[PDB]
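Just below is one structure, and these are the notes that go with it.
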Amino acid sequence: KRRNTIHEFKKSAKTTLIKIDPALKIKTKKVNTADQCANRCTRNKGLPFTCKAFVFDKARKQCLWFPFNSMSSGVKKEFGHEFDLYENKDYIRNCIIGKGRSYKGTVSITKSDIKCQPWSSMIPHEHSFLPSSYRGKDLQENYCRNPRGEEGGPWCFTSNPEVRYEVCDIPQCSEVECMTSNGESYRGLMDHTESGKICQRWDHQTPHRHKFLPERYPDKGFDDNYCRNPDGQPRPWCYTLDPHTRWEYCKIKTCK
Amino acid sequence: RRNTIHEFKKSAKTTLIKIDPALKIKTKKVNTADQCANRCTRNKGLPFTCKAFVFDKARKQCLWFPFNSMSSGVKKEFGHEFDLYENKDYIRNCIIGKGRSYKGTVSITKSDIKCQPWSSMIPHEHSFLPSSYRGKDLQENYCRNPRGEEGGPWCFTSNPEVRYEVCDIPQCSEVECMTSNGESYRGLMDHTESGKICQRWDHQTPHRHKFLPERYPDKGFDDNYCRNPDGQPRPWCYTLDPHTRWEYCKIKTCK
C-alpha cells in the first residue's frame with residue numbers, strides 16, 4: 001500500500017547528530033531514498049524503538065534511524081556534508097493544531113504550572129493511561145498529551161496530590177505564527193493550508209510538478225513544506241498533498 | 001591594532017545552547033565581530049579564557065564564551081541573527097610544526113597512556129602549573145607544548161613508570177589533501193606554502209578583492225581557507241601580509 005510521510009519531517013541539510021550520551025542506540029539499513037527512511041520511521045513495529053528522527057546518508061545510501069532527535073540533551077547537531085537530518089515535527093513542534101491529537105512535544109507542566117506526573121507512575125494519582133494501552137500516543141515521561149483527542153487539548157495527571165489532572169497551556173500554531181505585510185518575508189513554520197490541507201514539500205515534484213526548486217531559489221525559504229509567498233501573492237501558500245488541489249493559500253495572522 | 005578574527009572558525013546563523021546549566025557568558029554592545037574577536041583573544045581581556053563568541057547582528061553585541069561547540073555541555077542551534085566564531089586553536093585536529101599553539105583536547109600519549117592533569121602532582125610531581133604558564137592553556141590533562149620544544153605537544157602520563165611522553169598529533173600538512181588542482185578542495189588549510197596567515201575571504205582588508213562569499217556561494221569561501229576558485233594549479237589565499245597580496249598554499253594530493 002501507498003505512504004509518503006517525509007512531509008512530516010523537518011530537514012536540516014548537511015547535518016547529523018553526534019552522541020553525548022554514550023548509551024544511545026541507532027539502527028541502519030541500505031536504502032535508495034530519504035522518502036523510504038521516512039516511511040520506515042513513521043511506521044512503527046517498523047523499528048525496535050519509537051523513531052523520532054533519521055539521517056539520510058547520501059554517499060553510502062543508508063538510513064540511520066534514531067529513538068532521539070536534536071532536542072535530546074544526549075545529542076548535538078554537527079555539520080556533515082553527506083548527511084541530511086530529518087526530525088519528525090510531532091516531537092519538536094512548539095504548538096498544537098486544534099485539539100493537539102498529534103502533540104508529542106516536551107511540555108511537562110500544566111496551565112497552573114504544576115509539574116506533570118509521569119504516565120507510567122500511579123503516584124500520586126492512580127490511572128489506566130498506561131503507555132502499553134495507548135500505542136502511538138507516546139505517553140512517555142511526564143509530557144502533556146491528548147491520547148483520546150478530547151476537547152481542551154493536551155493534559156496530564158499532576159504531581160500535586162490534590163489536583164488529579166489539568167490541561168496544559170500549549171498555544172495553537174495559529175497564534176504562534178505571524179507575518180508582516182503580504183508574507184514575502186515569512187519564514188515561519190506554518191505547513192498546512194487555510195482549509196487544513198497538508199502542504200507538499202518544495203523539494204518534491206509529487207503529487208505536483210512545479211518550478212520552485214529550492215536550489216534555484218535559495219533566497220525564497222523553500223524549506224520542508226512551509227507556506228511561502230515567493231511570487232507576489234496576498235499571502236503565503238503551498239502546493240498541496242491533495243492531488244486534486246494543486247495549491248492553496250495558508251492562514252497566517254499579521255504580526256502584532 | 002590586533003585584528004585576530006582570522007584566528008576563528010565562523011558558523012553563520014548559529015549560536016550555542018547550554019546543556020550544562022552552570023556555564024557563564026559575558027556580553028557587551030559592540031559594532032563589529034572583529035571587535036568581539038580582538039576582545040576574545042586579548043590577554044586578560046575577560047574573567048575567563050575565551051574560546052568562542054557569538055556576534056548578535058540584530059542587537060549588535062558580543063557574547064563571549066569560556067566554551068566552544070566541542071564542549072559536552074553545549075550544542076549548536078540555528079539562529080538567524082547569530083554568527084558563531086570559535087578560536088581554531090582549541091578545535092584544530094592537527095598541529096603546525098612544533099604545535100606551540102595547540103590547544104586541542106587530545107589527552108593520551110603516543111603509547112596511548114592517559115595524560116596526567118597539569119594541576120596534579122600525582123603520579124608525577126612537576127613545576128608546570130597553569131599559573132606559571134599563562135596563555136599555554138595547561139588545562140585538564142590535554143597534550144601541550146608550553147615551551148615550544150622540538151617533539152611537539154606532550155604530557156606527564158598517568159602511568160607512574162613513565163614521567164612524560166609526546167602525544168601523537170598529526171601535522172595539518174598530513175591531514176589535509178586535495179584532488180587534481182584542488183578546485184574541489186574544501187579543507188582547512190589556512191596558511192600559505194611559506195607559512196603566511198591567510199586573510200578571511202569575507203574581509204576586504206588588507207587586500208581588496210572580488211571574491212565576496214555571497215557572490216560565489218559555490219566556491220567555499222569560508223573563514224580564511226586556501227581555495228582554488230579561478231583555475232590555478234593549486235589553492236591559494238590572500239595573505240595578512242600587506243606586501244603579499246596572495247600566495248599559493250601547500251596541500252598534498254590525496255592518496
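Ligands are numbered from 1 in the order shown, residues from 1 within each chain, and chains are lettered A, B, ... in the order they appear in the C-alpha cells.
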Could you work out which residues of chain B fall inside 9 Å of chain A? Count only C-alpha atoms, and format the result as an mmCIF file with N, CA and C atoms, in the first residue's frame.
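Result written to part_16.cif:
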```cif
data_model
loop_
_atom_site.group_PDB
_atom_site.id
_atom_site.type_symbol
_atom_site.label_atom_id
_atom_site.label_comp_id
_atom_site.auth_asym_id
_atom_site.auth_seq_id
_atom_site.Cartn_x
_atom_site.Cartn_y
_atom_site.Cartn_z
ATOM 1 N N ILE B 19 23.628 23.048 27.659
ATOM 2 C CA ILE B 19 23.111 21.826 28.269
ATOM 3 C C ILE B 19 23.475 21.842 29.753
ATOM 4 N N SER B 72 31.024 19.263 25.882
ATOM 5 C CA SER B 72 29.881 18.362 26.043
ATOM 6 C C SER B 72 28.686 19.057 26.698
ATOM 7 N N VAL B 74 27.384 21.983 25.800
ATOM 8 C CA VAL B 74 26.643 22.857 24.897
ATOM 9 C C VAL B 74 26.395 22.174 23.565
ATOM 10 N N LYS B 75 25.501 22.758 22.776
ATOM 11 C CA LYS B 75 25.188 22.233 21.456
ATOM 12 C C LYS B 75 24.870 23.378 20.505
ATOM 13 N N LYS B 76 25.165 23.180 19.224
ATOM 14 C CA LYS B 76 24.872 24.187 18.215
ATOM 15 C C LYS B 76 23.388 24.230 17.910
ATOM 16 N N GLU B 77 22.867 25.427 17.676
ATOM 17 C CA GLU B 77 21.498 25.553 17.210
ATOM 18 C C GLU B 77 21.382 26.685 16.204
#
```
Requested in this report: Would you kindly return, as JSON, numbers by chain, each protein, DNA or RNA residue with an atom no farther than 9 Å from any atom of residue 73 in chain B, considering only C-alpha atoms and excluding same-chain residues fewer than 5 positions away?
Outcome: {"B": [17, 18, 19, 20, 21, 22, 23, 67]}
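The coordinates place CA of residue 106 in chain A at 22.1 Å from CA of residue 192 in chain A.
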Query - All residues 8 Å or closer to residue 160 in chain A, only C-alpha atoms, same chain fewer than 2 positions away omitted, as a ChimeraX atom specification - result: /A:114-115,124,158,162-164
Report task. Tell me, as a PyMOL selection string, which residues lie within 6 Å of range 30-47 of chain B, counting only C-alpha atoms; anything in the same chain fewer than 4 positions away does not count. Result -> chain B and resi 4-5+55+60-62
Query raised in the report: Do you know which residues are at most 12 Å from residue 46 in chain A counting only C-alpha atoms, after dropping those on the same chain fewer than 6 positions away, and could you put them as a ChimeraX atom specification?
Result: /A:27,36-40,65
Compile the contact shell of range 204-208 of chain B as a PDB file with N, CA and C atoms, in the first residue's frame: residues with an atom at most 9 Å away, counting only C-alpha atoms, same-chain residues fewer than 5 positions apart removed.
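The new file out_29.pdb reads:
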```
ATOM      1  N   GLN B 199      44.235  35.762   4.793  1.00  0.00           N
ATOM      2  CA  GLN B 199      43.157  36.705   5.068  1.00  0.00           C
ATOM      3  C   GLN B 199      41.784  36.050   4.882  1.00  0.00           C
ATOM      4  N   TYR B 238      44.536  35.169  -0.240  1.00  0.00           N
ATOM      5  CA  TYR B 238      45.091  36.481   0.051  1.00  0.00           C
ATOM      6  C   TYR B 238      45.738  36.360   1.431  1.00  0.00           C
ATOM      7  N   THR B 239      46.826  37.081   1.661  1.00  0.00           N
ATOM      8  CA  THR B 239      47.540  36.936   2.923  1.00  0.00           C
ATOM      9  C   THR B 239      47.423  38.191   3.782  1.00  0.00           C
ATOM     10  N   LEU B 240      47.651  38.033   5.080  1.00  0.00           N
ATOM     11  CA  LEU B 240      47.597  39.159   6.004  1.00  0.00           C
ATOM     12  C   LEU B 240      48.832  40.055   5.883  1.00  0.00           C
ATOM     13  N   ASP B 241      49.802  39.630   5.082  1.00  0.00           N
ATOM     14  CA  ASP B 241      50.959  40.472   4.779  1.00  0.00           C
ATOM     15  C   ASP B 241      50.557  41.510   3.743  1.00  0.00           C
ATOM     16  N   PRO B 242      50.540  42.790   4.138  1.00  0.00           N
ATOM     17  CA  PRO B 242      50.154  43.860   3.210  1.00  0.00           C
ATOM     18  C   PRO B 242      51.003  43.859   1.937  1.00  0.00           C
ATOM     19  N   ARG B 245      49.965  40.206  -1.640  1.00  0.00           N
ATOM     20  CA  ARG B 245      48.532  40.189  -1.909  1.00  0.00           C
ATOM     21  C   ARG B 245      47.948  38.786  -1.801  1.00  0.00           C
ATOM     22  N   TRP B 246      48.576  37.834  -2.483  1.00  0.00           N
ATOM     23  CA  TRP B 246      48.123  36.450  -2.438  1.00  0.00           C
ATOM     24  C   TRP B 246      49.292  35.490  -2.658  1.00  0.00           C
TER      25      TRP B 246
END
```
Query raised in the report: Rounded to one decimal in Å, what is the spacing between CA of residue 194 in chain A and CA of residue 229 in chain A?
Result: 14.1 Å
Query raised in the report: range 124-239 of chain A: which residues are strand (DSSP E or B) by DSSP, as a PyMOL selection string?
Result: chain A and resi 145+155-158+165-168+172+178-179+192+198-199+228+237-239
Quick one: write out the picked residues with N, CA, C and O atoms as a tab-separated table (two decimals), in the first residue's frame?
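Result file follows (again.tsv):
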```tsv
chain	number	residue	atom	x	y	z
A	145	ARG	N	-0.13	15.28	26.99
A	145	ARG	CA	-0.64	14.55	25.84
A	145	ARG	C	-2.16	14.61	25.77
A	145	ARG	O	-2.82	14.89	26.77
A	155	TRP	N	-3.08	17.32	28.10
A	155	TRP	CA	-3.21	17.46	29.54
A	155	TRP	C	-2.27	16.46	30.18
A	155	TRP	O	-1.56	15.74	29.48
A	156	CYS	N	-2.26	16.42	31.50
A	156	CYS	CA	-1.50	15.41	32.22
A	156	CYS	C	-2.06	15.26	33.63
A	156	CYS	O	-2.70	16.17	34.14
A	157	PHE	N	-1.83	14.10	34.24
A	157	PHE	CA	-2.02	13.97	35.68
A	157	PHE	C	-0.94	14.81	36.35
A	157	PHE	O	0.18	14.86	35.87
A	158	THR	N	-1.29	15.49	37.44
A	158	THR	CA	-0.34	16.42	38.06
A	158	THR	C	0.37	15.80	39.26
A	158	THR	O	-0.19	14.95	39.96
A	165	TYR	N	-5.74	15.92	37.51
A	165	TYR	CA	-5.25	16.26	36.19
A	165	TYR	C	-5.57	17.71	35.85
A	165	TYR	O	-6.41	18.33	36.50
A	166	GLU	N	-4.91	18.23	34.83
A	166	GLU	CA	-5.20	19.58	34.36
A	166	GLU	C	-4.69	19.72	32.93
A	166	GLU	O	-3.70	19.08	32.56
A	167	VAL	N	-5.35	20.54	32.13
A	167	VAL	CA	-4.88	20.78	30.79
A	167	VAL	C	-3.57	21.55	30.86
A	167	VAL	O	-3.28	22.22	31.86
A	168	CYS	N	-2.77	21.44	29.82
A	168	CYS	CA	-1.54	22.20	29.75
A	168	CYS	C	-1.80	23.47	28.95
A	168	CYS	O	-2.87	23.62	28.36
A	172	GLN	N	-1.93	27.43	20.16
A	172	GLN	CA	-2.24	26.99	18.81
A	172	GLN	C	-1.14	27.48	17.89
A	172	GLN	O	-0.60	28.57	18.08
A	178	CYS	N	3.14	34.29	12.64
A	178	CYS	CA	2.64	35.57	12.12
A	178	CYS	C	3.54	36.08	11.00
A	178	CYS	O	4.69	35.66	10.86
A	179	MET	N	3.01	37.00	10.20
A	179	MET	CA	3.78	37.54	9.09
A	179	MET	C	3.58	39.04	8.98
A	179	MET	O	2.63	39.60	9.55
A	192	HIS	N	0.33	23.90	6.84
A	192	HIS	CA	-0.99	23.45	6.40
A	192	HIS	C	-1.68	24.62	5.73
A	192	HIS	O	-1.40	25.77	6.07
A	198	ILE	N	-2.57	19.36	4.13
A	198	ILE	CA	-1.14	19.25	4.37
A	198	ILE	C	-0.37	19.77	3.16
A	198	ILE	O	-0.74	19.47	2.02
A	199	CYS	N	0.69	20.54	3.40
A	199	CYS	CA	1.48	21.06	2.29
A	199	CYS	C	2.41	20.01	1.72
A	199	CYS	O	2.92	19.15	2.45
A	228	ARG	N	4.87	29.62	1.81
A	228	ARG	CA	5.72	30.73	1.41
A	228	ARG	C	5.03	31.60	0.37
A	228	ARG	O	4.07	31.17	-0.27
A	237	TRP	N	1.43	30.55	0.57
A	237	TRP	CA	0.65	29.43	0.07
A	237	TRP	C	1.58	28.22	-0.03
A	237	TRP	O	2.77	28.32	0.25
A	238	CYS	N	1.02	27.09	-0.41
A	238	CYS	CA	1.84	25.91	-0.63
A	238	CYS	C	1.16	24.97	-1.62
A	238	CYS	O	-0.06	24.99	-1.76
A	239	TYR	N	1.95	24.17	-2.31
A	239	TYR	CA	1.38	23.06	-3.06
A	239	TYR	C	0.84	22.07	-2.04
A	239	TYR	O	1.34	21.98	-0.92
```
Helix (DSSP H, G or I) residues, from DSSP on the backbone, in range 42-254 of chain B, as a PDB file with C-alpha atoms, in the first residue's frame:
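Output file out-v1.pdb is given in full below:
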```pdb
ATOM      1  CA  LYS B  88      40.756  27.480  15.877  1.00  0.00           C
ATOM      2  CA  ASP B  89      43.464  26.779  18.460  1.00  0.00           C
ATOM      3  CA  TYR B  90      41.012  24.855  20.635  1.00  0.00           C
ATOM      4  CA  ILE B  91      39.310  22.934  17.835  1.00  0.00           C
ATOM      5  CA  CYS B 172      47.978  19.691   9.497  1.00  0.00           C
ATOM      6  CA  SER B 173      50.071  19.145   6.366  1.00  0.00           C
ATOM      7  CA  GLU B 174      49.395  15.391   6.569  1.00  0.00           C
ATOM      8  CA  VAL B 175      45.703  15.652   7.453  1.00  0.00           C
TER       9      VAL B 175
END
```
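Between CA of residue 43 in chain A and CA of residue 169 in chain A the separation is 29.4 Å.
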